[PDB]
Every structure is written in structure tokens, then in C-alpha cells.
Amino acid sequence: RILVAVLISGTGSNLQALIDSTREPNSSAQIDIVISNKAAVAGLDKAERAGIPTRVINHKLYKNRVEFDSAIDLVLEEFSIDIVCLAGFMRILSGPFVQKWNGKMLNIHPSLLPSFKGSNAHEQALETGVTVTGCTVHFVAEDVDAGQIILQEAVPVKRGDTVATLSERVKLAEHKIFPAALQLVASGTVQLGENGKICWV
């Protein structure tokens, strides 16, 4: 069973979906710890009501990214973590950390990368006026632009949509592909080749 750590910053709907899929009969992974850089967020309650230990590592208490990421890394090693899932984690990881976890850290983004990178993808989409958006799960890479893509699901944008409605429709897709992507990676079906490009059995 592959040990997983889910990093969060807020609500935790994606965390929840991963908990459910990991609690499924044939899952190849189990969530052994949940880390939040913000205290008092709902995702923390979801991990707790699930019997999953948590830690709040507040980035505001550190001097730089390196220091903050080192604290996080101490916990992951402490839990013999294999795979790291960034689920709503709103922090940019330091290069050495991303380097360390290359091929073992997945992130979920609410757009069809390379479109609408950064925060507020939904708002960007609606400002732009696309009729198709979606979500993407990928490996975290040195630069947030070369992250190897694992799975994506296109989601339609309705003409009436507000950030709330679109956002909700996109999360439904996210809960589908993050669990599947985790499974894909946890089971070894998907890996990062030596050339750094995605690889399937």
C-alpha cells in the first residue's frame, strides 16, 4: 500500500474525494497524513472525521520558502510518505523540494493547462469567454510550466455561469480525475520517464 500525504489550504473537497477512493477495496494507496499551511480550514475536519492525523505548518511563521518546505519535508519523512498530492495547496514549492519529490508529487489545477495558469483560473476563464474549461492533474516540475500532465477532463462553460457555478461544475470533474490519477501513479501504471516525459505501462 503506497503511503500518501495530501497538502491543503482550504475546504478539502478534493481531499475528501481522495479519502473515499483510497478507502475503496482495490486502492493501491492510503492517506497517512494531511498537512495544511492554514489552521482552522474545513479540510482539516474532513481528515480528522476520517481518522487521519493532521499538522498545520503555517508558512507565515517562516522566513522563506526553503525553511517552510523543510518543515513540511520533516513530517513527510516522519511518515515515510511515498506520494504527495497537492489538493488546494496554495503555496509555491521551492525547487529543491520539487526536485526531491520529482515524479512523486501530483497537483490538481482547475483549468485545462496550459490555459489559465495561476490562481483564479475560473475567473480568468469567464473574463476570457471560453465555452470549454476543465481541470488538470499533473506532476509538479521545477517550473510550473513543464509539469508533466497525467489526466484532464474538459468541462463546459454555460453562458449564465458565475464563478460559483462554474467552479462547482469543475470540482465535480476534479474529484473524478485526481483519484484516478493517484491510482494510476500509485499503482505504477504512470511514471515520469528518464527523459522527464510521462510514461504508461
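Residue positions are given as counts along the sequence shown, with the first one as 1. Between two forms, the rigid core is the largest collection of C-alphas that superpose within 1.5 Å.
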_Using the rigid core for superposition, please say which stretch has the greater CA deviation in 9 other deposited structures of this protein, 59 to 67 or 164 to 172._
59 to 67
*Which of 174 to 182 and 12 to 20 lies farther, on average, from the shown form in 9 other deposited structures of this protein once the rigid core is superposed (C-alpha RMS)?*
12 to 20
_Of 51 to 59 and 140 to 148, the one with larger mean CA B-factor_ = 140 to 148
*Read off the CA B-factors in the entry, average them over 152 to 160 and over 22 to 30, and name the higher stretch.*
22 to 30
*Report the third (lowest, middle or highest) to which the CA temperature factor of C135 belongs, ranking only the modelled residues of the same chain.*
lowest
*asked:* Split into thirds by Cα B-factor across the chain's modelled residues, where does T11 land: lowest, middle or highest?
replied: lowest
*Going by what the PDB entry lists, where does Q99 fall on CA B-factor within its chain: lowest, middle or highest third?*
highest
*Can you work out whether the C-alpha temperature factor of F79 puts it in the lowest, middle or highest third of the chain?*
highest
*Just say lowest, middle or highest third for the CA B-factor of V190 relative to the other modelled residues in its chain.*
highest
